[PDB]
file my_file_10.pdb (PDB, C-alpha atoms)
ATOM      1  CA  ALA V   1       5.170 -16.715  -3.698  1.00  0.00           C
ATOM      2  CA  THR V   2       1.580 -16.337  -4.680  1.00  0.00           C
ATOM      3  CA  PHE V   3      -0.428 -13.186  -3.875  1.00  0.00           C
ATOM      4  CA  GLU V   4      -4.092 -13.121  -4.485  1.00  0.00           C
ATOM      5  CA  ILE V   5      -5.316  -9.523  -4.885  1.00  0.00           C
ATOM      6  CA  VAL V   6      -9.083  -9.132  -4.241  1.00  0.00           C
ATOM      7  CA  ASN V   7     -11.168  -6.013  -4.818  1.00  0.00           C
ATOM      8  CA  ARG V   8     -14.079  -6.047  -2.309  1.00  0.00           C
ATOM      9  CA  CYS V   9     -14.671  -2.328  -2.940  1.00  0.00           C
ATOM     10  CA  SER V  10     -17.846  -1.305  -4.738  1.00  0.00           C
ATOM     11  CA  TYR V  11     -15.749   0.710  -7.154  1.00  0.00           C
ATOM     12  CA  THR V  12     -13.119  -0.388  -9.709  1.00  0.00           C
ATOM     13  CA  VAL V  13      -9.466  -0.279  -8.640  1.00  0.00           C
ATOM     14  CA  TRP V  14      -6.341  -0.748 -10.736  1.00  0.00           C
ATOM     15  CA  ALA V  15      -4.105  -2.946  -8.706  1.00  0.00           C
ATOM     16  CA  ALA V  16      -0.335  -2.370  -8.864  1.00  0.00           C
ATOM     17  CA  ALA V  17       2.627  -4.495  -7.864  1.00  0.00           C
ATOM     18  CA  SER V  18       6.244  -3.243  -8.026  1.00  0.00           C
ATOM     19  CA  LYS V  19       9.626  -3.386  -6.333  1.00  0.00           C
ATOM     20  CA  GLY V  20      10.531   0.109  -7.387  1.00  0.00           C
ATOM     21  CA  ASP V  21      12.799  -0.670 -10.316  1.00  0.00           C
ATOM     22  CA  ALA V  22      10.646  -3.299 -11.890  1.00  0.00           C
ATOM     23  CA  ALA V  23       7.222  -4.861 -11.931  1.00  0.00           C
ATOM     24  CA  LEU V  24       6.244  -7.803  -9.830  1.00  0.00           C
ATOM     25  CA  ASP V  25       4.483 -10.276 -12.155  1.00  0.00           C
ATOM     26  CA  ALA V  26       2.658  -8.119 -14.819  1.00  0.00           C
ATOM     27  CA  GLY V  27       2.759  -4.979 -12.669  1.00  0.00           C
ATOM     28  CA  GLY V  28      -0.847  -3.755 -12.845  1.00  0.00           C
ATOM     29  CA  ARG V  29      -4.292  -4.936 -13.700  1.00  0.00           C
ATOM     30  CA  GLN V  30      -7.759  -3.679 -13.498  1.00  0.00           C
ATOM     31  CA  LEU V  31      -9.963  -5.264 -10.752  1.00  0.00           C
ATOM     32  CA  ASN V  32     -13.684  -4.594 -10.997  1.00  0.00           C
ATOM     33  CA  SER V  33     -15.758  -4.907  -7.852  1.00  0.00           C
ATOM     34  CA  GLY V  34     -15.400  -8.506  -6.679  1.00  0.00           C
ATOM     35  CA  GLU V  35     -12.628  -9.485  -9.032  1.00  0.00           C
ATOM     36  CA  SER V  36      -9.466 -11.178  -8.215  1.00  0.00           C
ATOM     37  CA  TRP V  37      -6.110 -11.028  -9.941  1.00  0.00           C
ATOM     38  CA  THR V  38      -3.548 -13.708  -8.911  1.00  0.00           C
ATOM     39  CA  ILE V  39       0.194 -12.982  -9.132  1.00  0.00           C
ATOM     40  CA  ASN V  40       3.500 -14.603  -8.730  1.00  0.00           C
ATOM     41  CA  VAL V  41       6.209 -12.727  -6.943  1.00  0.00           C
ATOM     42  CA  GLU V  42       9.719 -14.041  -7.189  1.00  0.00           C
ATOM     43  CA  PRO V  43      11.178 -15.510  -4.021  1.00  0.00           C
ATOM     44  CA  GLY V  44      13.667 -13.230  -2.434  1.00  0.00           C
ATOM     45  CA  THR V  45      11.921 -10.056  -3.578  1.00  0.00           C
ATOM     46  CA  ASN V  46      13.022  -7.313  -1.179  1.00  0.00           C
ATOM     47  CA  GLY V  47      11.005  -4.078  -0.880  1.00  0.00           C
ATOM     48  CA  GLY V  48       7.982  -5.160  -2.897  1.00  0.00           C
ATOM     49  CA  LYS V  49       4.647  -3.239  -2.700  1.00  0.00           C
ATOM     50  CA  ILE V  50       1.067  -3.706  -3.789  1.00  0.00           C
ATOM     51  CA  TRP V  51      -1.434  -0.909  -3.868  1.00  0.00           C
ATOM     52  CA  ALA V  52      -4.671   0.257  -5.442  1.00  0.00           C
ATOM     53  CA  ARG V  53      -5.079   3.055  -7.889  1.00  0.00           C
ATOM     54  CA  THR V  54      -8.325   4.947  -8.201  1.00  0.00           C
ATOM     55  CA  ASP V  55     -10.017   6.787 -11.066  1.00  0.00           C
ATOM     56  CA  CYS V  56      -7.775   5.677 -13.845  1.00  0.00           C
ATOM     57  CA  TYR V  57      -7.888   6.188 -17.644  1.00  0.00           C
ATOM     58  CA  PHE V  58      -5.705   4.107 -20.020  1.00  0.00           C
ATOM     59  CA  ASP V  59      -5.497   4.138 -23.813  1.00  0.00           C
ATOM     60  CA  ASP V  60      -5.076   1.000 -25.899  1.00  0.00           C
ATOM     61  CA  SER V  61      -1.248   1.051 -25.338  1.00  0.00           C
ATOM     62  CA  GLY V  62      -1.675   0.930 -21.513  1.00  0.00           C
ATOM     63  CA  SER V  63      -0.777   4.627 -21.103  1.00  0.00           C
ATOM     64  CA  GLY V  64      -2.840   7.132 -19.168  1.00  0.00           C
ATOM     65  CA  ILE V  65      -3.329   8.596 -15.666  1.00  0.00           C
ATOM     66  CA  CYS V  66      -4.824   7.653 -12.235  1.00  0.00           C
ATOM     67  CA  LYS V  67      -6.049  10.106  -9.579  1.00  0.00           C
ATOM     68  CA  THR V  68      -4.301   8.148  -6.847  1.00  0.00           C
ATOM     69  CA  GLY V  69      -1.263   5.875  -7.062  1.00  0.00           C
ATOM     70  CA  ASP V  70      -0.281   6.716 -10.671  1.00  0.00           C
ATOM     71  CA  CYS V  71       3.005   4.918 -11.591  1.00  0.00           C
ATOM     72  CA  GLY V  72       4.309   7.108 -14.424  1.00  0.00           C
ATOM     73  CA  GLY V  73       1.121   6.841 -16.423  1.00  0.00           C
ATOM     74  CA  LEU V  74       1.411   3.043 -17.056  1.00  0.00           C
ATOM     75  CA  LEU V  75      -1.305   0.351 -16.532  1.00  0.00           C
ATOM     76  CA  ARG V  76       1.512  -2.104 -15.918  1.00  0.00           C
ATOM     77  CA  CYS V  77       3.522  -0.533 -13.130  1.00  0.00           C
ATOM     78  CA  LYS V  78       7.423  -0.489 -13.282  1.00  0.00           C
ATOM     79  CA  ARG V  79       7.771   2.032 -10.524  1.00  0.00           C
ATOM     80  CA  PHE V  80       6.110   2.908  -7.219  1.00  0.00           C
ATOM     81  CA  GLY V  81       2.946   4.990  -7.209  1.00  0.00           C
ATOM     82  CA  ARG V  82       2.174   8.649  -6.559  1.00  0.00           C
ATOM     83  CA  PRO V  83       0.908   9.250  -3.066  1.00  0.00           C
ATOM     84  CA  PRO V  84      -1.611   8.941  -1.611  1.00  0.00           C
ATOM     85  CA  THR V  85      -1.314   5.124  -1.512  1.00  0.00           C
ATOM     86  CA  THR V  86      -2.182   2.680   1.223  1.00  0.00           C
ATOM     87  CA  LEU V  87       0.725   0.206   0.868  1.00  0.00           C
ATOM     88  CA  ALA V  88       1.014  -3.510   1.382  1.00  0.00           C
ATOM     89  CA  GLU V  89       4.768  -3.956   1.777  1.00  0.00           C
ATOM     90  CA  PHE V  90       6.852  -7.172   1.841  1.00  0.00           C
ATOM     91  CA  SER V  91      10.355  -8.625   1.692  1.00  0.00           C
ATOM     92  CA  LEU V  92      10.447 -12.358   1.152  1.00  0.00           C
ATOM     93  CA  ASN V  93      12.959 -15.124   2.038  1.00  0.00           C
ATOM     94  CA  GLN V  94      15.138 -12.778   4.071  1.00  0.00           C
ATOM     95  CA  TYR V  95      17.256 -15.208   6.052  1.00  0.00           C
ATOM     96  CA  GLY V  96      14.597 -17.741   6.069  1.00  0.00           C
ATOM     97  CA  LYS V  97      11.622 -15.517   6.927  1.00  0.00           C
ATOM     98  CA  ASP V  98       9.107 -13.280   5.174  1.00  0.00           C
ATOM     99  CA  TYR V  99       8.354  -9.755   6.553  1.00  0.00           C
ATOM    100  CA  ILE V 100       5.054  -7.983   5.744  1.00  0.00           C
ATOM    101  CA  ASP V 101       3.383  -4.722   6.639  1.00  0.00           C
ATOM    102  CA  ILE V 102       0.859  -2.096   5.702  1.00  0.00           C
ATOM    103  CA  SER V 103       2.097   1.454   5.721  1.00  0.00           C
ATOM    104  CA  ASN V 104       0.417   4.821   5.719  1.00  0.00           C
ATOM    105  CA  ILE V 105       3.854   6.550   5.410  1.00  0.00           C
ATOM    106  CA  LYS V 106       2.804   7.488   1.826  1.00  0.00           C
ATOM    107  CA  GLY V 107      -0.806   8.354   2.738  1.00  0.00           C
ATOM    108  CA  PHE V 108      -4.032   6.400   2.379  1.00  0.00           C
ATOM    109  CA  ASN V 109      -6.385   5.948  -0.540  1.00  0.00           C
ATOM    110  CA  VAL V 110      -8.166   2.573  -0.137  1.00  0.00           C
ATOM    111  CA  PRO V 111      -8.748   0.386   2.906  1.00  0.00           C
ATOM    112  CA  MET V 112      -6.725  -2.899   2.847  1.00  0.00           C
ATOM    113  CA  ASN V 113      -6.148  -6.219   4.484  1.00  0.00           C
ATOM    114  CA  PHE V 114      -2.970  -8.000   4.185  1.00  0.00           C
ATOM    115  CA  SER V 115      -3.068 -11.609   5.320  1.00  0.00           C
ATOM    116  CA  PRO V 116      -1.158 -14.906   4.898  1.00  0.00           C
ATOM    117  CA  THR V 117      -3.065 -17.696   3.249  1.00  0.00           C
ATOM    118  CA  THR V 118      -0.585 -20.214   4.730  1.00  0.00           C
ATOM    119  CA  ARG V 119       0.119 -20.993   8.314  1.00  0.00           C
ATOM    120  CA  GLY V 120       2.428 -19.539  10.892  1.00  0.00           C
ATOM    121  CA  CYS V 121       1.559 -15.838  11.169  1.00  0.00           C
ATOM    122  CA  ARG V 122      -1.229 -13.337  11.410  1.00  0.00           C
ATOM    123  CA  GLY V 123      -2.500 -10.673   8.973  1.00  0.00           C
ATOM    124  CA  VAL V 124      -2.783  -6.919   9.367  1.00  0.00           C
ATOM    125  CA  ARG V 125      -5.477  -4.507   8.321  1.00  0.00           C
ATOM    126  CA  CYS V 126      -6.068  -0.782   7.880  1.00  0.00           C
ATOM    127  CA  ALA V 127      -9.812  -0.497   7.280  1.00  0.00           C
ATOM    128  CA  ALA V 128     -10.892   2.740   8.994  1.00  0.00           C
ATOM    129  CA  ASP V 129     -12.428   5.677   7.016  1.00  0.00           C
ATOM    130  CA  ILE V 130      -9.241   7.652   6.766  1.00  0.00           C
ATOM    131  CA  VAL V 131     -10.354   9.541   3.711  1.00  0.00           C
ATOM    132  CA  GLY V 132     -13.553  10.644   5.381  1.00  0.00           C
ATOM    133  CA  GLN V 133     -11.750  11.694   8.569  1.00  0.00           C
ATOM    134  CA  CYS V 134      -8.635  13.165   6.809  1.00  0.00           C
ATOM    135  CA  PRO V 135      -7.331  16.458   8.332  1.00  0.00           C
ATOM    136  CA  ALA V 136      -8.182  19.368   5.978  1.00  0.00           C
ATOM    137  CA  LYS V 137      -4.530  20.135   5.290  1.00  0.00           C
ATOM    138  CA  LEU V 138      -3.911  16.463   4.275  1.00  0.00           C
ATOM    139  CA  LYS V 139      -6.876  16.009   1.916  1.00  0.00           C
ATOM    140  CA  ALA V 140      -5.906  15.152  -1.588  1.00  0.00           C
ATOM    141  CA  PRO V 141      -8.339  16.937  -4.035  1.00  0.00           C
ATOM    142  CA  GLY V 142      -7.861  14.008  -6.411  1.00  0.00           C
ATOM    143  CA  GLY V 143      -9.001  11.733  -3.684  1.00  0.00           C
ATOM    144  CA  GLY V 144      -7.369  10.224  -0.620  1.00  0.00           C
ATOM    145  CA  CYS V 145      -5.427  11.447   2.428  1.00  0.00           C
ATOM    146  CA  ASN V 146      -1.840  12.530   1.850  1.00  0.00           C
ATOM    147  CA  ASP V 147       1.109  11.867   4.237  1.00  0.00           C
ATOM    148  CA  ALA V 148       2.547  14.977   5.873  1.00  0.00           C
ATOM    149  CA  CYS V 149       5.905  14.423   4.174  1.00  0.00           C
ATOM    150  CA  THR V 150       4.187  14.713   0.809  1.00  0.00           C
ATOM    151  CA  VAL V 151       2.322  17.815   1.776  1.00  0.00           C
ATOM    152  CA  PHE V 152       4.772  19.756   3.906  1.00  0.00           C
ATOM    153  CA  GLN V 153       8.323  18.452   2.785  1.00  0.00           C
ATOM    154  CA  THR V 154      10.032  18.885   6.139  1.00  0.00           C
ATOM    155  CA  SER V 155      12.937  16.889   7.714  1.00  0.00           C
ATOM    156  CA  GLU V 156      10.626  16.075  10.591  1.00  0.00           C
ATOM    157  CA  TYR V 157       7.823  14.537   8.543  1.00  0.00           C
ATOM    158  CA  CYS V 158      10.031  12.938   5.894  1.00  0.00           C
ATOM    159  CA  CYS V 159      12.732  11.623   8.756  1.00  0.00           C
ATOM    160  CA  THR V 160      15.389  13.014   6.525  1.00  0.00           C
ATOM    161  CA  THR V 161      17.968  13.059   9.300  1.00  0.00           C
ATOM    162  CA  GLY V 162      16.998   9.525  10.607  1.00  0.00           C
ATOM    163  CA  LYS V 163      15.957  11.394  13.736  1.00  0.00           C
ATOM    164  CA  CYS V 164      12.227  12.216  13.806  1.00  0.00           C
ATOM    165  CA  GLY V 165       9.424  11.651  16.236  1.00  0.00           C
ATOM    166  CA  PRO V 166       5.669  11.204  15.982  1.00  0.00           C
ATOM    167  CA  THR V 167       3.587  14.167  14.928  1.00  0.00           C
ATOM    168  CA  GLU V 168      -0.031  15.269  15.127  1.00  0.00           C
ATOM    169  CA  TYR V 169      -0.367  13.899  11.570  1.00  0.00           C
ATOM    170  CA  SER V 170       1.323  10.540  12.157  1.00  0.00           C
ATOM    171  CA  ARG V 171      -0.863  10.236  15.146  1.00  0.00           C
ATOM    172  CA  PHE V 172      -3.970  10.704  13.117  1.00  0.00           C
ATOM    173  CA  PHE V 173      -3.070   7.763  10.868  1.00  0.00           C
ATOM    174  CA  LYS V 174      -2.023   5.765  13.903  1.00  0.00           C
ATOM    175  CA  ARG V 175      -5.319   6.382  15.687  1.00  0.00           C
ATOM    176  CA  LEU V 176      -7.382   5.220  12.716  1.00  0.00           C
ATOM    177  CA  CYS V 177      -5.075   2.201  12.036  1.00  0.00           C
ATOM    178  CA  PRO V 178      -2.721   1.193  14.870  1.00  0.00           C
ATOM    179  CA  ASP V 179      -1.505  -1.862  12.903  1.00  0.00           C
ATOM    180  CA  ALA V 180       0.073   0.202  10.043  1.00  0.00           C
ATOM    181  CA  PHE V 181       3.249   2.273   9.829  1.00  0.00           C
ATOM    182  CA  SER V 182       2.500   6.004  10.402  1.00  0.00           C
ATOM    183  CA  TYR V 183       5.930   7.520  10.000  1.00  0.00           C
ATOM    184  CA  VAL V 184       9.412   6.274   9.267  1.00  0.00           C
ATOM    185  CA  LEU V 185      10.441   5.481  12.943  1.00  0.00           C
ATOM    186  CA  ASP V 186       7.115   4.240  14.139  1.00  0.00           C
ATOM    187  CA  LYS V 187       7.287   1.252  16.502  1.00  0.00           C
ATOM    188  CA  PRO V 188       7.263  -1.543  13.902  1.00  0.00           C
ATOM    189  CA  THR V 189       4.052  -3.321  13.013  1.00  0.00           C
ATOM    190  CA  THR V 190       5.931  -5.763  10.817  1.00  0.00           C
ATOM    191  CA  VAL V 191       4.783  -9.357  11.106  1.00  0.00           C
ATOM    192  CA  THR V 192       7.251 -12.233  10.640  1.00  0.00           C
ATOM    193  CA  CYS V 193       5.965 -15.020   8.594  1.00  0.00           C
ATOM    194  CA  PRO V 194       7.488 -18.317   7.486  1.00  0.00           C
ATOM    195  CA  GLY V 195       9.798 -18.052   4.569  1.00  0.00           C
ATOM    196  CA  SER V 196       7.919 -18.594   1.278  1.00  0.00           C
ATOM    197  CA  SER V 197       4.520 -18.041   2.934  1.00  0.00           C
ATOM    198  CA  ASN V 198       1.753 -17.007   0.600  1.00  0.00           C
ATOM    199  CA  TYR V 199      -0.602 -14.020   1.010  1.00  0.00           C
ATOM    200  CA  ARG V 200      -3.889 -12.385   0.162  1.00  0.00           C
ATOM    201  CA  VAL V 201      -4.370  -8.620  -0.082  1.00  0.00           C
ATOM    202  CA  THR V 202      -8.046  -7.486   0.006  1.00  0.00           C
ATOM    203  CA  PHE V 203      -9.166  -3.965  -0.867  1.00  0.00           C
ATOM    204  CA  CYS V 204     -12.100  -2.651   1.175  1.00  0.00           C
ATOM    205  CA  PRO V 205     -12.155  -5.782   3.418  1.00  0.00           C
ATOM    206  CA  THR V 206     -15.115  -4.780   5.550  1.00  0.00           C
ATOM    207  CA  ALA V 207     -17.411  -2.914   3.132  1.00  0.00           C
TER     208      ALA V 207
END
call {"tool": "encode", "arguments": {"input": "my_file_10.pdb", "output": "structure tokens"}}
result
Amino acid sequence: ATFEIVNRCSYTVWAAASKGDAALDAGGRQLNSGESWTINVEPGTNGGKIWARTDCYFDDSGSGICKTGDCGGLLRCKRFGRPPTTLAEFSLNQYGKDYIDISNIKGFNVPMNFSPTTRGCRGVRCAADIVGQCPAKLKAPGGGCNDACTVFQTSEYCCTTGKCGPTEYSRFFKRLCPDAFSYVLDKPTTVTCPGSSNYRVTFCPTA
């Protein structure tokens, strides 16, 4: 499947694409404002994510740090990123269908739009100014708005027991973006698309 990853933000992002134990395509690439990086994700990829990293430094080997979404210091992500990360999440060719979402379970750093570029299904977006509105106790000094699991490490916020309900904090994310996951047991905002659909993810889709 083809994912086109567009940076509409006014600032540079370092895009990332991983399934947790490996890269998807090259794993990470810088996107200046307006740039696009096109990737190929293997059919059948289950549990893939794309995200943006902010305020990154990399040496000539591709080693360094990012203030949000750092994946073990690598330009070319093998692993998931350090919260806070707005996540575009997808499992493809799962019994004939593709499943996509955006999640704020791991916080929010950059606004995003996740949309098919083929027919049969609708996109989802989390565009609101979550960083600007972020509860004081959730604010990430490095930038972004952490998830309460990250901050507070409780069974309730992190759904450790598979039993958890909404919280003031999940509800904050949910108010700003009702079409993204806010906690582990949120009513699902997963969209079913045709198997082998294609997609575009856009950072800062409105601004």
call {"tool": "atom_distance", "arguments": {"input": "my_file_10.pdb", "atom1": "atom CA of residue 194 of chain V", "atom2": "atom CA of residue 102 of chain V"}}
result
17.6 Å
call {"tool": "closest_residue", "arguments": {"input": "my_file_10.pdb", "among": "V:62, V:96, V:28, V:144", "to": "residue 13 of chain V", "atoms": "all atoms listed in the file"}}
result
V:28
call {"tool": "residues_around", "arguments": {"input": "my_file_10.pdb", "residues": "residue 71 of chain V", "least_positions_apart": "3", "cutoff": "10 Å", "atoms": "all atoms listed in the file", "output": "PyMOL selection string"}}
result
chain V and resi 16+18+20+27-28+53+64-66+68+74-83
call {"tool": "write_last_selection", "arguments": {"input": "my_file_10.pdb", "atoms": "C-alpha atoms", "output": "compact mmCIF listing (two decimals), in the coordinates of the input"}}
result
# COMPACT_ATOMS: atom_id res chain seq x y z
CA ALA V 16 -0.34 -2.37 -8.86
CA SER V 18 6.24 -3.24 -8.03
CA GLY V 20 10.53 0.11 -7.39
CA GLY V 27 2.76 -4.98 -12.67
CA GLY V 28 -0.85 -3.76 -12.84
CA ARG V 53 -5.08 3.06 -7.89
CA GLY V 64 -2.84 7.13 -19.17
CA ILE V 65 -3.33 8.60 -15.67
CA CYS V 66 -4.82 7.65 -12.24
CA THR V 68 -4.30 8.15 -6.85
CA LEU V 74 1.41 3.04 -17.06
CA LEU V 75 -1.30 0.35 -16.53
CA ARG V 76 1.51 -2.10 -15.92
CA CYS V 77 3.52 -0.53 -13.13
CA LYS V 78 7.42 -0.49 -13.28
CA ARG V 79 7.77 2.03 -10.52
CA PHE V 80 6.11 2.91 -7.22
CA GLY V 81 2.95 4.99 -7.21
CA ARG V 82 2.17 8.65 -6.56
CA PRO V 83 0.91 9.25 -3.07
call {"tool": "closest_residue", "arguments": {"input": "my_file_10.pdb", "among": "V:58, V:183, V:108, V:51", "to": "residue 140 of chain V", "atoms": "all atoms listed in the file"}}
result
V:108
call {"tool": "closest_residue", "arguments": {"input": "my_file_10.pdb", "among": "V:7, V:36, V:109, V:2", "to": "residue 54 of chain V", "atoms": "all atoms listed in the file"}}
result
V:109
call {"tool": "atom_distance", "arguments": {"input": "my_file_10.pdb", "atom1": "atom CA of residue 84 of chain V", "atom2": "atom CA of residue 147 of chain V"}}
result
7.1 Å
call {"tool": "closest_residue", "arguments": {"input": "my_file_10.pdb", "among": "V:107, V:123, V:73, V:132", "to": "residue 198 of chain V", "atoms": "all atoms listed in the file"}}
result
V:123
call {"tool": "atom_distance", "arguments": {"input": "my_file_10.pdb", "atom1": "atom CA of residue 125 of chain V", "atom2": "atom CA of residue 179 of chain V"}}
result
6.6 Å
call {"tool": "closest_residue", "arguments": {"input": "my_file_10.pdb", "among": "V:49, V:162, V:167, V:174", "to": "residue 92 of chain V", "atoms": "all atoms listed in the file"}}
result
V:49
call {"tool": "resolve_selection", "arguments": {"input": "my_file_10.pdb", "expression": "the PyMOL selection byres ((chain V and resi 164) around 12)", "output": "MDAnalysis selection string"}}
result
chainID V and resid 149 154:163 165:167 170 183:186
call {"tool": "resolve_selection", "arguments": {"input": "my_file_10.pdb", "expression": "the PyMOL selection byres ((chain V and resi 117) around 10)", "output": "ChimeraX atom specification"}}
result
/V:2-4,114-116,118-123,197-201
call {"tool": "closest_residue", "arguments": {"input": "my_file_10.pdb", "among": "V:56, V:31, V:191, V:176", "to": "residue 10 of chain V", "atoms": "only C-alpha atoms"}}
result
V:31
call {"tool": "resolve_selection", "arguments": {"input": "my_file_10.pdb", "expression": "the PyMOL selection byres ((chain V and resi 99) around 8)", "output": "mmCIF file with C-alpha atoms, keeping the file's coordinate frame"}}
result
data_model
loop_
_atom_site.group_PDB
_atom_site.id
_atom_site.type_symbol
_atom_site.label_atom_id
_atom_site.label_comp_id
_atom_site.auth_asym_id
_atom_site.auth_seq_id
_atom_site.Cartn_x
_atom_site.Cartn_y
_atom_site.Cartn_z
ATOM 1 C CA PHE V 90 6.852 -7.172 1.841
ATOM 2 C CA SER V 91 10.355 -8.625 1.692
ATOM 3 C CA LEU V 92 10.447 -12.358 1.152
ATOM 4 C CA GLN V 94 15.138 -12.778 4.071
ATOM 5 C CA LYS V 97 11.622 -15.517 6.927
ATOM 6 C CA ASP V 98 9.107 -13.280 5.174
ATOM 7 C CA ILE V 100 5.054 -7.983 5.744
ATOM 8 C CA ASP V 101 3.383 -4.722 6.639
ATOM 9 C CA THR V 190 5.931 -5.763 10.817
ATOM 10 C CA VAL V 191 4.783 -9.357 11.106
ATOM 11 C CA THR V 192 7.251 -12.233 10.640
ATOM 12 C CA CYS V 193 5.965 -15.020 8.594
#
call {"tool": "axis_aligned_box", "arguments": {"input": "my_file_10.pdb", "around": "segment 198-204 of chain V", "padding_each_side": "3 Å", "output": "JSON"}}
result
{"center_x": -5.2, "center_y": -9.8, "center_z": 0.2, "size_x": 19.9, "size_y": 20.4, "size_z": 8.0}
call {"tool": "decode", "arguments": {"input": "my_file_10.pdb", "residues": "segment 1-22 of chain V", "atoms": "N, CA and C atoms", "output": "PDB file, in the first residue's frame"}}
result
ATOM      1  N   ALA V   1       0.906  -1.221   0.000  1.00  0.00           N
ATOM      2  CA  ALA V   1       0.000   0.000   0.000  1.00  0.00           C
ATOM      3  C   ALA V   1       0.894   1.206   0.000  1.00  0.00           C
ATOM      4  N   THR V   2       0.418   2.283  -0.599  1.00  0.00           N
ATOM      5  CA  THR V   2       1.136   3.489  -0.731  1.00  0.00           C
ATOM      6  C   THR V   2       0.528   4.511   0.270  1.00  0.00           C
ATOM      7  N   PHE V   3       1.413   5.115   1.007  1.00  0.00           N
ATOM      8  CA  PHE V   3       1.100   6.238   1.924  1.00  0.00           C
ATOM      9  C   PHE V   3       1.880   7.446   1.453  1.00  0.00           C
ATOM     10  N   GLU V   4       1.141   8.516   1.136  1.00  0.00           N
ATOM     11  CA  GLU V   4       1.806   9.755   0.957  1.00  0.00           C
ATOM     12  C   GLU V   4       1.778  10.634   2.242  1.00  0.00           C
ATOM     13  N   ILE V   5       2.932  11.071   2.703  1.00  0.00           N
ATOM     14  CA  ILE V   5       3.022  11.753   3.978  1.00  0.00           C
ATOM     15  C   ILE V   5       3.380  13.203   3.684  1.00  0.00           C
ATOM     16  N   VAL V   6       2.392  14.110   3.871  1.00  0.00           N
ATOM     17  CA  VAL V   6       2.580  15.546   3.554  1.00  0.00           C
ATOM     18  C   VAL V   6       2.719  16.407   4.786  1.00  0.00           C
ATOM     19  N   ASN V   7       3.736  17.274   4.805  1.00  0.00           N
ATOM     20  CA  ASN V   7       3.886  18.252   5.873  1.00  0.00           C
ATOM     21  C   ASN V   7       3.323  19.600   5.415  1.00  0.00           C
ATOM     22  N   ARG V   8       2.092  19.927   5.834  1.00  0.00           N
ATOM     23  CA  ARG V   8       1.509  21.263   5.646  1.00  0.00           C
ATOM     24  C   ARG V   8       1.835  22.246   6.770  1.00  0.00           C
ATOM     25  N   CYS V   9       2.555  21.784   7.803  1.00  0.00           N
ATOM     26  CA  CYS V   9       2.961  22.660   8.889  1.00  0.00           C
ATOM     27  C   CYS V   9       3.922  23.660   8.291  1.00  0.00           C
ATOM     28  N   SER V  10       4.037  24.786   8.996  1.00  0.00           N
ATOM     29  CA  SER V  10       5.024  25.833   8.702  1.00  0.00           C
ATOM     30  C   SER V  10       6.412  25.510   9.215  1.00  0.00           C
ATOM     31  N   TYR V  11       6.506  24.491  10.074  1.00  0.00           N
ATOM     32  CA  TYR V  11       7.769  24.083  10.624  1.00  0.00           C
ATOM     33  C   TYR V  11       8.124  22.703  10.020  1.00  0.00           C
ATOM     34  N   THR V  12       9.429  22.377  10.093  1.00  0.00           N
ATOM     35  CA  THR V  12       9.948  21.074   9.702  1.00  0.00           C
ATOM     36  C   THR V  12       9.406  20.019  10.652  1.00  0.00           C
ATOM     37  N   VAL V  13       9.060  18.890  10.121  1.00  0.00           N
ATOM     38  CA  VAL V  13       8.833  17.645  10.927  1.00  0.00           C
ATOM     39  C   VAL V  13       9.792  16.573  10.417  1.00  0.00           C
ATOM     40  N   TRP V  14      10.085  15.577  11.253  1.00  0.00           N
ATOM     41  CA  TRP V  14      10.692  14.342  10.817  1.00  0.00           C
ATOM     42  C   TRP V  14       9.690  13.280  10.897  1.00  0.00           C
ATOM     43  N   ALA V  15       9.157  12.837   9.761  1.00  0.00           N
ATOM     44  CA  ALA V  15       8.168  11.820   9.709  1.00  0.00           C
ATOM     45  C   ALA V  15       8.813  10.485  10.157  1.00  0.00           C
ATOM     46  N   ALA V  16       7.979   9.638  10.679  1.00  0.00           N
ATOM     47  CA  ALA V  16       8.350   8.291  11.149  1.00  0.00           C
ATOM     48  C   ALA V  16       7.327   7.295  10.759  1.00  0.00           C
ATOM     49  N   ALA V  17       7.776   6.059  10.408  1.00  0.00           N
ATOM     50  CA  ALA V  17       6.828   5.001  10.076  1.00  0.00           C
ATOM     51  C   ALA V  17       7.414   3.672  10.538  1.00  0.00           C
ATOM     52  N   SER V  18       6.695   3.017  11.445  1.00  0.00           N
ATOM     53  CA  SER V  18       7.167   1.779  12.119  1.00  0.00           C
ATOM     54  C   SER V  18       6.063   0.854  12.414  1.00  0.00           C
ATOM     55  N   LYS V  19       6.323  -0.493  12.578  1.00  0.00           N
ATOM     56  CA  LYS V  19       5.396  -1.397  13.167  1.00  0.00           C
ATOM     57  C   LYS V  19       5.860  -1.916  14.523  1.00  0.00           C
ATOM     58  N   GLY V  20       6.849  -1.284  15.092  1.00  0.00           N
ATOM     59  CA  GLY V  20       7.171  -1.537  16.480  1.00  0.00           C
ATOM     60  C   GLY V  20       8.463  -2.306  16.574  1.00  0.00           C
ATOM     61  N   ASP V  21       8.574  -3.300  15.701  1.00  0.00           N
ATOM     62  CA  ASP V  21       9.795  -4.150  15.693  1.00  0.00           C
ATOM     63  C   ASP V  21      10.535  -4.049  14.370  1.00  0.00           C
ATOM     64  N   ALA V  22      10.151  -3.075  13.566  1.00  0.00           N
ATOM     65  CA  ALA V  22      10.806  -2.806  12.347  1.00  0.00           C
ATOM     66  C   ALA V  22      10.229  -1.486  11.807  1.00  0.00           C
TER      67      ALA V  22
END
